[PDB]
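Here we start with a single chain on its own, the form deposited in one PDB entry, put down as structure tokens.
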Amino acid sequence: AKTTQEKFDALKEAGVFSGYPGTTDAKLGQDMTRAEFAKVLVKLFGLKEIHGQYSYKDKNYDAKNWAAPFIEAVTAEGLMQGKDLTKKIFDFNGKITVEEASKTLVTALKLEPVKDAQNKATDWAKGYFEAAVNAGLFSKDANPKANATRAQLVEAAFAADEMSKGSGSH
């Protein structure tokens, strides 16, 4: 048995999770930006950062945005595509939701989204969330449309790491 705090400490020592911005603290009750979670995914699945490329037209998405190399990496990997393919908006300052997190992890772990899933997720995420719940990445009782707490994300990331180790191709 490991606590959420212990799982954070482990992932932090591994360079996967950082403290809540402005702190080095777990702050398990707080939310996380899509920018921060992009970095988490890059560190968790050992993706290569992509510098000098910008695939999004978000305000202040440029060379001066620390998150750009991570957002570009998850985009190239096919984990995240942003919220609007017309306007090319990632929403890097937006909070990562349980169902958004579910998609990234289900895609990274190569799990099959469940066809004709019945749950409270947004239509696009129904299969991704169902697959995430079935794999034990999130609880059945998690709100897919809710901002994921750092606790939920720590538990999800740790579970995804264990699944990667166990698969034979970490």
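The first residue of the sequence shown is number 1, and the count goes up from there. Rigid core here is just the name for the largest C-alpha set that superposes within 1.5 Å across the two forms.
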- prompt: Quick one: with the core lined up, is it 53-61 or 25-33 that wanders further in 5 other deposited structures of this protein, going by C-alpha RMS?
  reply: 25-33
query: Hey, which bit's got the bigger mean C-alpha B factor in the entry, 149-157 or 14-22?
result: 14-22
field: Given 57, 39, 126, 103, the residue at which the Cα B factor reaches its maximum
entry: 57
message: Using only modelled residues of the chain, where does the Cα B factor of residue 86 rank: lowest third, middle third or highest third?
response: highest
- prompt: If you rank the chain by CA B-factor, which third does residue 35 end up in: lowest, middle or highest?
  reply: lowest
- prompt: With respect to C-alpha B-factor, does residue 139 fall in the lowest, middle or highest third of the chain as deposited?
  reply: highest
task: Name the third of the chain's ranked CA B-factors that contains residue 63, choosing lowest, middle or highest.
output: highest
field: Third of the chain, ranked by Cα B-factor, where residue 111 sits
entry: highest
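From this point on, the text means the form solved in complex with a small molecule, which you will not see here.
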4.5 Å heavy atom contact, residue 158 and the small molecule in the deposited bound form: no
field: Contact flag, residue 147 vs the small molecule in the deposited bound form, heavy atom cut 4.5 Å
entry: no
- prompt: Does the 4.5 Å heavy atom contact test between residue 42 and the small molecule in the deposited bound form come out positive?
  reply: no
query: Does the small molecule get within 4.5 angstroms of any non-hydrogen atom of residue 36 in the deposited bound form?
result: yes
